[PDB]
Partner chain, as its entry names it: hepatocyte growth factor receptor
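Take a look at this single chain in structure tokens; it is the form deposited without its partner chain.
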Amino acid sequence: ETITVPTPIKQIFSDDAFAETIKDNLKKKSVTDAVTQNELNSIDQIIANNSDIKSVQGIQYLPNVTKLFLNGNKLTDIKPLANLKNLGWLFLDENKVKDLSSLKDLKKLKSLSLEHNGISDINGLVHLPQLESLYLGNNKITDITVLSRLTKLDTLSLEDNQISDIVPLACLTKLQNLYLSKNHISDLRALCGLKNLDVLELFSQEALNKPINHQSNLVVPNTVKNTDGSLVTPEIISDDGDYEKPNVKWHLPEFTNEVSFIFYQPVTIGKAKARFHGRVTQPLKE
């Protein structure tokens, strides 16, 4: 519905914090002040960090907006963004946005940040093949299958998720910056071909094996593989265990519901030097 007469900012922008934002963006005195379509048309960029915004309702009326800095807010619904056709940059860290269908037709969208949103299903990213930078740190992502389509990415952050299978990243040969700390990664082989990498982080993995039965002499295959497929030699083994390539071996006269080992290994891919470090946890039954 068209704004055919000057209309109070608060009648368009139902959220009180977001009305304050539009107010300061346009250098108005008060949220009750009136705005025109013409003033709203002038807005290229909204800086709205850390404002406890719960809804961007009314943002549909800003059609020329190219940049949205919405980090540190309380948003759960980004449907109103759906028709911001010239949106290039969207930063939504620390909200709780899980429905990403709303981005599916933002064809100019080049940079997206959705850190700390509690997201598991990233399948909607598949509609954004033009993306150049994507930050998804600190979520609950396990399956990154769909990322294989995002071959324009030069920067990708997946730190602090639940990812064990990094095979999908092998398509992404343009990547220069890749952050994979605090995942569940134990097998680096499928990264070996990313020779444009400049920066890579791989610290503090938590690899979890499927449980096996407890026995008093337990032999467990080392599953930690460097980019060349060599087994990584554990540096510390729990419960007085021993390494005998290719197996970690424990004497457990008494039952314990887990054992584990820590590894640490420098790794080079392309021009990037990382520290592949972590722990493999082995749960036990019976």
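Positions refer to the first chain, counted from 1.
Omitted from view is the form deposited with its partner chain bound, to which the following refers.
- Residues with any non-hydrogen atom within 4.5 angstroms of its partner chain in the deposited complex fall in just one of 64-72, 216-224, 23-31, 248-256: 64-72.
- Heavy atoms of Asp198 reach within 4.5 Å of its partner chain in the deposited complex, making it an interface residue.
- Proximity of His184 to its partner chain in the deposited complex: non-hydrogen atoms within 4.5 Å are absent; the residue sits far from the partner.
- A residue is said to contact a partner when one of its heavy atoms sits within 4.5 Å of a partner heavy atom; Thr36 fails this definition for its partner chain in the deposited complex, lying far away.
- Mapping the unseen interface onto this chain, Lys10 falls outside it, with no heavy atom inside 4.5 Å of its partner chain in the deposited complex.
- Residue-level contacts in the deposited complex: of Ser102, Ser113, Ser164, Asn209, one residue has a heavy atom within 4.5 Å of its partner chain, and it is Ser113.
- Out of the listed residues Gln130, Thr142, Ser133, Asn83, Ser133 is the one that sits within 4.5 Å of its partner chain in the deposited complex by at least one heavy atom.
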